[PDB]
Each structure stands twice: as C-alpha cells, then as structure tokens.
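**Student:** One structure is given below, represented as structure tokens, and several questions about it will come after.
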Amino acid sequence: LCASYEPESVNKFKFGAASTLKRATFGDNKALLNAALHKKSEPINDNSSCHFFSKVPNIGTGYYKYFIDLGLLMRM
Amino acid sequence: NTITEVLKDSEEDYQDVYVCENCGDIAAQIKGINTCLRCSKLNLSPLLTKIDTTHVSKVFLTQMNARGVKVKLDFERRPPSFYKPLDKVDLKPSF
Amino acid sequence: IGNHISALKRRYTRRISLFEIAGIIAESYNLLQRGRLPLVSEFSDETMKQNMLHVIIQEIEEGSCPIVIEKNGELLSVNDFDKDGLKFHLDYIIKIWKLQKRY
Amino acid sequence: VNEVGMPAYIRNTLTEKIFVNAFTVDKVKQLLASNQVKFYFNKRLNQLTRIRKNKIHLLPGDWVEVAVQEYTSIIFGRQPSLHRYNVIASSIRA
Amino acid sequence: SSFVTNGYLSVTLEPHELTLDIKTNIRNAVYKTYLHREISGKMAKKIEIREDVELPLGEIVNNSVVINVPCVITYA
Amino acid sequence: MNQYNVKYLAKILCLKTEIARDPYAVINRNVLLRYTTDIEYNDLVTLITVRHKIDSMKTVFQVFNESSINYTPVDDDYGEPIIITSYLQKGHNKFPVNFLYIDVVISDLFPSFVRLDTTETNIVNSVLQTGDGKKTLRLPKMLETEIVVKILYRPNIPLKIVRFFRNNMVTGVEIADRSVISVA
DNA sequence: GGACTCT
DNA sequence: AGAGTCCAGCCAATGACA
RNA sequence: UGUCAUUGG
Ligand SMILES: [Zn+2]
C-alpha cells in the first residue's frame with residue numbers, strides 16, 4: 001500500500017503500473033475504453049493478462065523459461 | 001502449468017486460428033489461402049500469426065471490437081539464444 | 001565492487017529449489033510422453049521396458065538432460081546447479097514418488 | 001492423508017489419458033485388444049473418437065483414454081477455497 | 001528483387017519429431033512453411049539449411065518446440 | 001511561527017547541524033543526545049543556537065516567517081535563513097506550519113535514515129540489476145518535499161537514495177531504500 | 001446503505 | 001456542501017414459470 | 001435461455 005510515494009488503497013489503481021486486463025479482472029468497466037482512448041500498449045506480465053491469452057503465469061514453475069538443447073540429439 | 005491447462009480450452013478442441021498483426025482480427029481462409037479481408041480491402045498484405053487462445057477470449061475481443069476498441073497483439077521475434085558451458089560452483093560452506 | 005556483487009549474484013543463481021527441478025522434470029516428461037527420443041546411455045529396447053520417470057532421473061544424473069532453464073538472464077543445465085541441491089531435491093521427489101507408487 | 005477414496009460411479013465415469021509413445025505402445029495395444037479403451041484422440045488429424053471393430057493406427061502424439069486407475073493424482077477440494085490447503089492433489093484409492 | 005542472404009527461419013516441431021530423424025523433419029518443416037511462399041513482399045525460391053554453425057536453443061511452447069534454423073535464403 | 005513551534009524546529013535543526021558536519025550520519029532522535037539548544041524567540045526573527053556537546057561548536061539559525069524576512073548573516077550562522085512557510089514548499093530551509101504542530105523528532109513515528117555514499121549506492125544499484133541484460137528493478141518512491149529530504153540536504157551532493165532503518169517486531173531493524181523523485 | 005468524484 | 005455511479009462471499013440442489 | 005420460490009455446505 002506504500003510502494004509509491006503516497007498510500008494507495010486496495011480499491012483503485014492510482015500509481016501502481018497495472019495492465020488493462022488486470023484492471024478489468026479486478027473490476028473496472030471503463031478500463032478498456034480508457035486504454036483505447038489513451039492508446040495504451042502494455043506487456044503481458046501478470047496473472048490476469050496471462051489467463052486471458054492462455055499463457056503460463058510467471059508464478060512458481062512458470063517463473064522460468066524452458067528450452068531444449070538439441071545438440072546432443074544431433075550429435076548422434 | 002496445471003492452472004494453465006485448467007483455464008485453457010481442451011486439447012481435443014484445437015484448430016489453427018490465425019490473427020492479423022496489423023488490425024488484430026481473425027484471418028479468413030477464402031479457398032485455402034489465409035487472408036485478412038480488412039487489409040486486402042485496404043491494399044495491404046500483413047503478417048498472419050497462429051494463435052492458441054480460448055474461444056471466449058476471441059468472443060470477448062470481437063465484442064470489444066464491436067464496441068469500437070481495436071485490440072492489436074504483438075508477438076515475440078526473440079533473438080536466437082545459444083547455450084554456453086558454465087563454470088563449477090560449489091555452495092558448501094568453508095570451515 | 002559492482003563486479004564483486006555481480007559475481008556473488010552469479011553464484012547465487014546456481015541455487016536450485018523445488019520449482020525449478022519440478023519444471024525441468026515436467027518439461028522433459030511432457031516431451032518424452034509425446035514421443036521424443038530418450039537420451040540415455042545404453043540405448044536399447046530394454047530401456048523401453050522400464051517406466052519413464054526412471055528414464056527422466058537417469059537423464060538428469062547422467063548429464064544428458066536436454067532441458068535448459070533460463071534463470072536470472074543465464075541459461076542453466078540441470079548439472080550447472082548445485083549438485084547437493086539437485087541430490088537434496090531428487091531424494092525427496094523419489095521418496096514421494098515411491099509413496100505414490102509411480103517410481 | 002496422502003490418499004483419497006473415490007466412489008465407483010466417479011471412476012466408472014472419469015477417464016485418464018495414456019499417451020502413445022515408444023514406452024506405452026504395448027500397453028495401449030493390449031488395452032485396445034481387451035476393449036478397455038473409452039476414447040481415442042488422433043493428434044495428427046486432430047480429432048477425438050468415442051469407442052462404443054474400427055481401425056485405429058497409434059502414432060506418437062496420439063492418446064487413448066481409459067478408466068481412471070488407482071494411485072492417479074486427482075485434484076480435489078472443498079469450497080470456499082479460502083487458502084491453498086483447501087485444494088490439494090492426492091492419490092486415488094478405490 | 002532476387003538476392004541471397006543469410007537469415008533465420010523460425011519453425012515449430014512436434015515432440016515426436018525430436019528423434020534421430022530430426023534434421024529431415026527440420027528440412028521438411030522449412031520447405032513446407034517457408035519455401036515457395038510470399039511473406040511480406042519477398043518470396044524465397046529455394047532455401048539451403050546452413051549446417052556449419054551452432055543450432056540455437058529450441059524454445060518450448062505449450063505442446064511444441066519453436067526453433068530458429070540458420071539458412072541460406074534465396075529471395076525473389 | 002509562535003513560541004511553541006520553535007522548540008520542535010530547534011530539534012529539527014540539531015539534525016540539520018549533524019548533517020552539516022557529517023553528510024553520511026545516521027539521523028534519529030539519539031542525535032538529540034549530542035546537542036544543546038538555546039532559543040531567543042521574537043515575532044520577527046527567532047535565533048536558535050545549537051551547540052555540539054563535546055566539540056563546543058555553535059551554529060546560529062535565524063528563523064523567520066514567510067512574509068517578513070530580514071536576513072543578514074550573524075557570526076557562526078548556518079548560512080541560509082530558516083523560513084516557516086504556510087504550505088509545503090520546495091526547499092530545504094522552508095518548513096511548513098503543519099510539520100511543527102507536534103513534536104516530531106521525539107516521536108516514535110520519526111524514521112531512522114541515512115544518505116548512502118558512492119560505495120553503498122553502487123552496491124544497491126548492482127543488487128537491483130536483474131542480471132538479464134540492462135534491465136533494472138526500481139526502489140519504492142518518496143517525494144522530495146519531505147522532512148527527511150529537507151534534513152538530509154547537502155548543496156553539492158544530490159540525494160537520490162535514502163536508506164531507512166525500519167523498526168521490526170521480529171528482527172529488530174530492517175533495511176529499506178527509497179528513491180527521491182522530483183517535484184515541480 | 002455506503003465510499004469516491006464532479007459540481 | 002449535494003447528486004451520480006458502482007458495489008454488495010463461493011459452490012451448489014430442486015420446482016414453477018415466461 | 002433467463003427470472004422467482006425453497007433448501008444445503
Ligand atoms: Zn489485416
């Protein structure tokens with residue numbers, strides 16, 4: 001609540017950088033309209049935005065990106 | 001991964017859906033060719049990216065388009081990354 | 001001194017927890033379940049006569065696990081982490097898998 | 001505390017997935033020969049088929065769905081889910 | 001117009017294609033998704049898979065692998 | 001400015017004197033055990049004499065109202081007039097009237113803070129680096145029009161990070177950092 | 001019924 | 001100082017009715 | 001396909 005320069009309540013998003021899908025999932029009916037007015041371009045890094053686009057959240061095992069090293073398969 | 005597989009649509013209900021990177025809506029297959037009608041009427045030929053989202057996500061985006069809000073998705077053309085070997089690290093204390 | 005802090009944080013990157021080893025095991029198990037080639041030594045038909053979790057753990061301790069995890073801007077194999085941490089978490093995972101009758 | 005008892009109507013209705021690969025192709029062929037397979041998903045044609053003899057070719061990536069067996073992890077819970085110990089995942093017992 | 005460059009082509013492999021027949025599947029994927037197709041003005045005619053440089057790490061998605069293959073690309 | 005809200009300002013000016021003799025000191029109410037004030041109150045200018053106990057160094061502050069400012073430097077002066085303004089203004093010597101309604105330095109809610117030197121600032125900036133490329137974490141924010149930033153002010157040392165020593169019921173003291181952002 | 005905002 | 005606007009736990013189960 | 005009534009944890 002005191003992560004910005006002023007105490008912020010649990011009802012609104014005033015200073016914290018919250019995405020439009022986070023504000024719409026929290027409950028704000030004019031969130032996408034205000035994002036369309038101000039032409040907002042937001043990255044998808046939160047749970048409410050990851051569940052919309054069927055992305056794995058950045059929580060727990062989804063905190064890391066996983067690759068496969070095809071070197072040992074191509075070597076033999 | 002558990003909550004991802006729960007909240008997303010079933011693996012049996014999969015179909016190749018393409019989205020337009022310029023205007024944001026679902027591409028169409030006219031007679032085998034993935035086209036965007038809005039951009040072929042506007043004399044463009046933009047990128048079409050395959051997406052794997054839920055059907056309710058597409059219904060929500062199309063209804064927000066019907067309200068007038070254009071929703072345009074951008075995709076990660078990530079630079080190709082290479083695994084390099086790392087040195088040995090021992091985290092045991094020294095007594 | 002900023003180089004010293006960067007070295008300390010690069011040494012801190014080698015810590016492994018249950019989330020990282022569970023994600024590595026889940027990625028390799030999902031890839032092996034859909035038909036990827038098991039990258040174990042002594043490849044035979046007998047290796048397709050045992051269960052797949054034994055193959056995953058053998059790939060982990062043999063150093064031939066194909067999964068690379070991106071953590072703190074670095075790319076780590078499962079053998080780039082602390083060996084005692086990998087052993088500490090795999091002992092617990094093998095214990096609870098033996099309670100579940102799947103290992 | 002690591003287990004949960006499942007009634008017979010649930011495990012007679014609920015199904016579990018067995019993927020087709022190099023490890024489980026003999027078990028899937030044995031379960032298809034004994035009519036224990038309920039569903040079959042063909043991933044390359046991307047379609048599900050309910051088995052009520054037809055022709056099914058088992059490629060890696062396809063799966064079958066049979067009755068759910070013991071020591072399978074079910075995710076069970078009570079409502080309201082006030083904290084994370086409400087929704088756990090333990091092993092099915094008959 | 002028509003020229004020859006050194007680029008990357010990003011394709012998707014299924015996990016059953018990560019066998020000992022892997023580069024045949026990579027060649028078939030590159031030839032089906034990128035050969036004889038117009039992608040934003042440029043149109044590659046015949047593509048040769050460059051196989052003297054390190055293969056990059058394969059990024060894992062929900063059920064597939066996304067690899068960026070280095071290639072000699074003849075555009076037209 | 002009245003005869004009551006000048007003693008609280010005198011307690012503030014002990015901390016300003018401590019910062020003026022050492023910019024990297026830890027400021028809390030315990031600093032008040034090392035100083036001694038003497039107040040000469042008048043409705044035009046109030047003279048506050050802060051004396052260091054062991055070093056016998058004197059500093060005379062001249063406290064004015066915002067309207068009537070008649071500032072000429074006395075000997076052993078601070079070098080800048082202390083102005084009691086009506087509202088919160090930008091300036092290290094301009095204290096608003098709301099800051100002096102109560103005794104603020106002796107309170108339990110008065111923080112414990114330092115200005116970081118270049119070594120500790122470099123350590124904090126390299127800790128905040130996420131390791132991936134040039135990306136960086138941010139510290140939580142704090143406005144420049146705050147009594148901590150007014151106390152910690154030095155004329156040619158820009159104050160960017162303030163380290164706070166929080167009270168902690170289970171660990172004693174906790175370390176936090178705020179970043180000072182600009183106003184007007 | 002009750003809290004935030006514009007008037 | 002006073003009206004507008006939005007907000008009021010989760011998951012159920014039957015029956016009647018439009 | 002939604003309302004109303006009654007009930008459960
Ligand atoms: Zn278009």
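Residue names in the structure tokens use chain letters A, B, ... in the order shown, residue numbers from 1 in each chain, and ligand numbers from 1 in the order shown.
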For chain E, list the residues within 9 Å of chain D, counting only C-alpha atoms, and write the list as a PDB file with N, CA and C atoms, in the first residue's frame.
**Tutor:**
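Output below, filename out-v8.pdb:
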```
ATOM      1  N   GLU E  14       6.888 -30.853 -33.623  1.00  0.00           N
ATOM      2  CA  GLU E  14       6.167 -31.638 -32.643  1.00  0.00           C
ATOM      3  C   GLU E  14       7.170 -32.459 -31.833  1.00  0.00           C
ATOM      4  N   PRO E  15       6.830 -32.841 -30.596  1.00  0.00           N
ATOM      5  CA  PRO E  15       7.791 -33.606 -29.782  1.00  0.00           C
ATOM      6  C   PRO E  15       8.088 -35.002 -30.300  1.00  0.00           C
ATOM      7  N   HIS E  16       7.243 -35.580 -31.152  1.00  0.00           N
ATOM      8  CA  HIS E  16       7.582 -36.868 -31.744  1.00  0.00           C
ATOM      9  C   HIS E  16       8.598 -36.747 -32.868  1.00  0.00           C
TER      10      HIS E  16
END
```
**Student:** Could you please extract the residues within 6 Å of ligand 1, counting only C-alpha atoms (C1' of nucleotides) and all ligand atoms, and hand them back as a VMD selection string?
**Tutor:** chain B and resid 20 22 to 23 36 38 to 39
**Student:** Counting only C-alpha atoms (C1' of nucleotides), a student should be able to say which residues of chain D come within 10 Å of chain I; what is the right answer, written as an NGL selection string?
**Tutor:** :D and (78-80)
**Student:** Can those selected residues be exported to a file as a PDB file, in the first residue's frame so that it contains N, CA and C atoms?
**Tutor:**
```pdb
ATOM      1  N   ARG D  78     -12.519 -28.612  -1.181  1.00  0.00           N
ATOM      2  CA  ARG D  78     -13.738 -28.157  -0.538  1.00  0.00           C
ATOM      3  C   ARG D  78     -13.923 -26.667  -0.793  1.00  0.00           C
ATOM      4  N   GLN D  79     -15.176 -26.234  -0.821  1.00  0.00           N
ATOM      5  CA  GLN D  79     -15.494 -24.833  -1.014  1.00  0.00           C
ATOM      6  C   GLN D  79     -16.122 -24.240   0.239  1.00  0.00           C
ATOM      7  N   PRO D  80     -15.815 -22.977   0.586  1.00  0.00           N
ATOM      8  CA  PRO D  80     -14.983 -21.988  -0.117  1.00  0.00           C
ATOM      9  C   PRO D  80     -13.477 -22.203   0.022  1.00  0.00           C
TER      10      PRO D  80
END
```
**Student:** Smallest atom-to-atom distance to chain H: which of D:56, D:82, D:90, D:72, using only C-alpha atoms (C1' of nucleotides)?
**Tutor:**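 Comparing D:56, D:82, D:90, D:72 against chain H, the winner is D:82.
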**Student:** If I take CA of residue 137 in chain F and CA of residue 5 in chain C, how far is one from the other in Å, to one decimal?
**Tutor:**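 Taking CA of residue 137 in chain F as the start and CA of residue 5 in chain C as the end point, the length is 15.2 Å.
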**Student:** Set the distance at 9 Å and use only C-alpha atoms (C1' of nucleotides): which residues neighbour range 35-52 of chain C once local chain neighbours fewer than 2 positions away are removed? I'd like the list as a VMD selection string.
**Tutor:** (chain A and resid 72 to 73) or (chain C and resid 29 to 33 54 to 59 62 64 to 66 102 to 103) or (chain D and resid 19 to 24 60 to 61) or (chain E and resid 14 to 20)
**Student:** List every residue of range 10-57 of chain B that DSSP, applied to the backbone of this structure, assigns to alpha helix (DSSP H), and report them as a list in words.
**Tutor:**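 Filtering range 10-57 of chain B down to alpha helix (DSSP H) leaves residues 37, 38, 39, 40, 41, 55, 56 and 57 of chain B.
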**Student:** Print the selection's residues with C-alpha atoms to a file, as a PDB file, in the first residue's frame.
**Tutor:**
```
ATOM      1  CA  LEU B  37     -10.353  -9.100 -45.504  1.00  0.00           C
ATOM      2  CA  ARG B  38      -9.895  -5.695 -43.836  1.00  0.00           C
ATOM      3  CA  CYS B  39      -6.299  -5.404 -45.055  1.00  0.00           C
ATOM      4  CA  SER B  40      -6.903  -6.798 -48.539  1.00  0.00           C
ATOM      5  CA  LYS B  41      -9.624  -4.171 -48.885  1.00  0.00           C
ATOM      6  CA  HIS B  55     -12.850 -19.314 -27.716  1.00  0.00           C
ATOM      7  CA  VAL B  56     -14.225 -16.995 -25.017  1.00  0.00           C
ATOM      8  CA  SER B  57     -11.107 -14.835 -25.461  1.00  0.00           C
TER       9      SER B  57
END
```
**Student:** Name the residues in contact with residue 50 in chain E at a cut-off of 9 Å, using only C-alpha atoms (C1' of nucleotides), excluding same-chain residues fewer than 3 positions from it; report them as a PyMOL selection string.
**Tutor:** chain E and resi 6+53+69-72
**Student:** Give me, please, the distance in Å between CA of residue 12 in chain F and CA of residue 174 in chain F, quoted to one decimal.
**Tutor:**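 Atom-to-atom, CA of residue 12 in chain F and CA of residue 174 in chain F are spaced 23.9 Å apart.
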**Student:** As a PyMOL selection string, list the residues of chain F assigned to strand (DSSP E) by DSSP on the backbone atoms of this structure.
**Tutor:** chain F and resi 35-40+46-52+58-65+82-85+94-96+113-115+141-143+161-168+172-181
**Student:** Would you list which chain C residues are within 6 Å of chain F using only C-alpha atoms, as a PyMOL selection string?
**Tutor:** chain C and resi 2+72-73
